[PDB]
Number of protein chains: 2
Amino acid sequence: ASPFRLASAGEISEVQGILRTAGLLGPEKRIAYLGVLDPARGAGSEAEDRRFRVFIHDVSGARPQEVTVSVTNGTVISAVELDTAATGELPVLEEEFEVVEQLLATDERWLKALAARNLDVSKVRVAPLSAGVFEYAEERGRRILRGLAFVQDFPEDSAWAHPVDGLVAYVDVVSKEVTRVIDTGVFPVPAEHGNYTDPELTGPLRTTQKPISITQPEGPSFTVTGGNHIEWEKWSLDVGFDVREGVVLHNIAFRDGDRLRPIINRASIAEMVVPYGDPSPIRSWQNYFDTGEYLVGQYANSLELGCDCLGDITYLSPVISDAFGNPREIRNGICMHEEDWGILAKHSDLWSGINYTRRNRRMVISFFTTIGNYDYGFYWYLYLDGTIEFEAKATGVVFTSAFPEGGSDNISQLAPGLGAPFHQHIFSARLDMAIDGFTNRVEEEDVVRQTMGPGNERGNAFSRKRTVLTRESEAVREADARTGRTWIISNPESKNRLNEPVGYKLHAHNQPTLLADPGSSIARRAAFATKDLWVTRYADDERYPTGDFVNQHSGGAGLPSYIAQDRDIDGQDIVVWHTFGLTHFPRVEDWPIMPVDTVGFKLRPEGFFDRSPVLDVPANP
Amino acid sequence: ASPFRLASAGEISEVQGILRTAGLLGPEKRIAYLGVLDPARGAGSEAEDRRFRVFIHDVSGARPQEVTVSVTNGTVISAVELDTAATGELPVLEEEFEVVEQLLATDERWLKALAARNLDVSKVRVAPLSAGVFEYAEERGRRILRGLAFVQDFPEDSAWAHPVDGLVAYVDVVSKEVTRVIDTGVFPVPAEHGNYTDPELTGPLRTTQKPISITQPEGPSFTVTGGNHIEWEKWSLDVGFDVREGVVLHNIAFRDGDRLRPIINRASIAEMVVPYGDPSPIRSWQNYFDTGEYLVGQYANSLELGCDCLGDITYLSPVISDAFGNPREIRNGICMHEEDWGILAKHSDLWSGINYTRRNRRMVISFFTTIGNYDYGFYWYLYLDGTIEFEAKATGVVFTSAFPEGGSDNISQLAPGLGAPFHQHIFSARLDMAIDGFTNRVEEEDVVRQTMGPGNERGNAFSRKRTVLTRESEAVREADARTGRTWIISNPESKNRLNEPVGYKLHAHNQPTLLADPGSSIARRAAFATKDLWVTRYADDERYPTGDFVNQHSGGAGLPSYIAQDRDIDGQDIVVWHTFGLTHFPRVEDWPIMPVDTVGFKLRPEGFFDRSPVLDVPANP
Ligand SMILES: [Cu+2]
Ligand SMILES: [Cu+2]
Ligand code: NA
Ligand code: NA
């Protein structure tokens, strides 16, 4: 059995039992995170060893714990009481969905604010919004959530159409106290509904769309073995799933001839954060770490055939733990399929008389998640020619506010009275590299302009330069689109037939990075997001660019602490962390539900192969 | 009948006759360019008036002519003798394909160079390479081609595998003289073949690709009327085709309710150039204006069903003129089809209980062309949500050279002895804008970072700024990826329901622009390529960013001369010219035939609509 197989229900049940048999999963405990650990380096000689890591919350007020269990052996490997003021609070619990609303609904300050605005408390929705760290000393070491009000006129109404601006509240979840209620003044609650299934708003539905049918009469070209091992068009990999990160790809490798050549050891989106750029005190604290605070895998959607994934789809249904250690399946949570991708290569040659055309295809591994108002699709693609790409598709309903009557430098107008504060959605892809094995290095490659003169008399020459990043202190890099900057991951000990080191080149989109002031709380807690590329030396405990416990953690955790080790990354086992995001000034067209927008990156082989790896693709039938 | 219909064979035949009946199409003339003119502004009240513009070469040595004919009336509208030293030489003629090779094959200098290298002249291929303008005074006012040698070992061999470096020749086409033969010394001719259909190089073909079948059982959702008018999912447009530009889109408009709203009056790729960055004198002159010198429409491929365009495809077969004024059809030269495009919009709402997913689709209008070694696919896409995108797909065989034995700062290695000089492929999209009509303006929009302090105490705020480009002298703009720079085209006299001007935002890829030294010949002749965005006031004679006659034209023509008029572009009939390109350092994986790489741009509505324009899309069946 593969040590990279997906967690089974049985494994989750055994963890529950171990935590029970060991006395750590009392009646008052809540599992905030549970996931299988990857195998340790080299340990994979040939021997079963499945360990799970668990974060356990306590609703009675006692200290939470981080616990690692071996399900193979039925033993607790380590169990540590956490001091949350020091190392952070645990991820937001699904059970806290309704708690902020419920606590506020009996608070006299909250009720006074709603009553001033003539709002029926039974119609006021409030989400568990993450708190971050600001000026409130009472919050240090307490599990805090904040709450903003949205009115639902009726149970199926879109509450996002009706934000209640000028009002915010904070809650101590464990003590069940409302610590603060802030009311900066009355803003009109936007009146129009945003019900995108109401015929009065949609108009008559189009009758003009004729079907598009995608079928595979002989079935798909990939195989799935051991539950999650994929083999497709020379690619080999394992599809993992973690409640925090979502779909993770392991052991990405390409069969070049009769050699299985590793490329990427693990690829994941290790963090994703949505910082808001509205300086109103009602929202200026808001930065939603969808991955690190909320856990994007936990909220993976069940994907409907013909609707979310079209064509011949093979599904995985990953198993996660609920708060009590009971396994539950996310039915049809991962889609896997191959797609036609246009022309692969084409040439019509006058001299030889040969006309040649080949088609491309990609293998797609995807999931969709929902975090509050946002819905995101995470797509990994593998192409015939060796290209690897990630794409995020951002949709959902935009987070709303009032639109101030004098306009705004930080909020856009969507409908009368209705605003959308500016924000970014910033991802971190953690790519544990293994180009032809683990001995890798990273070079930054810039185009080089040349001056007209001796050696270049016609002033046409241009060139390239590559700079090796040798130590972590040197490996925090920024984009330079104007100079075509890319980063090449190579194996200095593996050469192609031309005696050049094999490599892959990362092509970024060069979108803006984190816009916040560098002195801000968010710049400190999401320091990864301030730079496009970081390279670290692999360590098994360096998993997330924001650290292990993101919720209410002080600034400084994660990448900026890791790289202080200033380790050798020149021909070593290294990890690339690429920051990329969308900067969103919402448009009227984003309302009442937003069309998908995209951001991502790709890696293309760069002298990895000895010639095109797709000369054996046959002409299409 | 629509004045924007494609030229018919009959129209071409009538032009031939007029040029004949009028005495301008003697036996010794060669048509180098022929195309229908667009209708003049406002002239389209309701009245037939089809005019054709023709460039006529003379092989006897007399002066060439530019001629405009009315086929509606059977009259010559204007006919002007050209002084080519002043206004440029005429586009390269298809009949010159073999002339450089033929002239060189009897030249004693050329033969001496081949004999030194033991090359059989009958196996040496030479292309009509464009000359540009350099230090050779004898070339001013003469029609010159240059020639580089490639060996074909047998008639179906790929000559690109066997470049003969150290050797170049220039030819006066009309006088049939070889003006110069330059031999800088012997480089080994690369030995390996690049025959990507030879089983010894491809290996056994893959048997693993299972079919992907895309069908439309009720046919396509678009209609085609009047030969080239498309109606699809609220979009309305006319598909044109010109021998220089290729596919051109006219009258792009969107039916919002019961109003047909114009968006773009004409969209085309008005120039595309491939400058080379190798300072060797064997190649340092080479810059191929695939559009302006060679005419990309002329070489549009006939596209094979199931191979080049997959699914339910409607073809156009555009008619062009041969050198003698005879019409000829490019059978199946344009593909039109709709494609599924993933998720359009999706949200799962906990409060309302509503789960909503919709799928996107795009209308595709495409052609593929071949210019020597290059093959490019030009794709225009229209999406349901109002997005317009262009994508170029670059493939073919890379232009080769020797690989110098000491390595190179300007050439990459592909195979033993075989190099590929560095180059760029740079496009200019000419977008004659008509956002809600012709009264338009352009703003440059940058993200605005804000300092932590009063009004922004938590240091989270960020904003945007828009700067109106008011006159042409101000409208030559560069990218700023780091600040998320985009350009918005709006109609200041047309407001959406929120009282904001309707607009579309151009999102560029922010790839490097022209790398050559600013003092270079190519920087002067392709000045457009040195900046990402230009805005001009519409003029019917301002068609190409490089001017009308690109071949051997001195520096200075086109956009930099046009914008010297410093015209008002603030709420006027304007044209956006966007430069975008690929910078290519060829990889081993590009050899012996290159996988497709892409570049392009898109425009998305920005307060053009009063809310999402896709709320009436129904759930998929
Ligand atoms: Cu957003
Ligand atoms: Cu190229
Ligand atoms: Na590694
Ligand atoms: Na215009």
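Residue numbering for chain A follows Swiss-Prot, covering 9-629 in order.
For all residues, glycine too, the Cβ spot is worked out from N, Cα and C.
So that you can see what the record holds, here are the features copied from Swiss-Prot:
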- A:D298: active site, proton acceptor (ACT_SITE)
- A:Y382: active site, schiff-base intermediate with substrate (ACT_SITE)
- A:296-307, A:379-384: substrate binding site (BINDING)
- A:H431, A:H433, A:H592: Cu cation binding site (BINDING)
- A:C317-A:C343: disulfide bond (DISULFID)
- A:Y382: 2',4',5'-topaquinone (MOD_RES)
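Locations of recorded Swiss-Prot features on the structure.
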residue : record                       : contacts (Cβ under 8 Å, 6+ apart)
A:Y296  : substrate binding site       : A:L137, A:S138, A:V281, A:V282, A:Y302, A:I379, A:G380
A:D298  : active site, proton acceptor : A:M280, A:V281, A:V282, A:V304, A:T377, A:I379, A:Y382, A:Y384
A:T299  : substrate binding site       : A:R252, A:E253, A:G254, A:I277, A:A278, A:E279, A:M280, A:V281, A:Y552
A:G305  : substrate binding site       : A:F249, A:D250, A:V251, A:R252, A:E253, A:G254, A:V255, A:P326, A:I328, A:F375, A:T377
A:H431  : Cu cation binding site       : A:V282, A:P283, A:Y284, A:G285, A:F407, A:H592
A:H433  : Cu cation binding site       : A:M280, A:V281, A:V282, A:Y382, A:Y384, A:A400, A:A402, A:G589, A:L590, A:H592, A:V607
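Note: the Cu cation site is recorded as A:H431, A:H433, A:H592; in the same chain, A:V282, A:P283, A:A402, A:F430, A:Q432, A:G589, A:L590, A:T591 also have Cβ atoms within 8 Å of that site's Cβ centroid. Not one of the recorded positions A:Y296, A:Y302, A:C317 places a Cβ under 6 Å from an atom of ligand 3.
Only A:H592, of the recorded positions A:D298, A:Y382, A:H592, place a Cβ under 6 Å from an atom of ligand 1. Listed in sequence order, the residues of the same chain lying 6 or more apart from A:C317 (disulfide bond) and placing their CB within less than 8 Å of its CB are A:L311, A:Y323, A:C343, A:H345, A:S374.
Within 10 Å of the C-beta atom of A:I379 (substrate binding site) sit 22 other C-beta atoms, taking all shown protein chains into account. Following the DSSP three-state reduction, the secondary structure of A:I379 (substrate binding site) is strand. In three-state terms derived from DSSP, A:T299 (substrate binding site) belongs to a helical segment.
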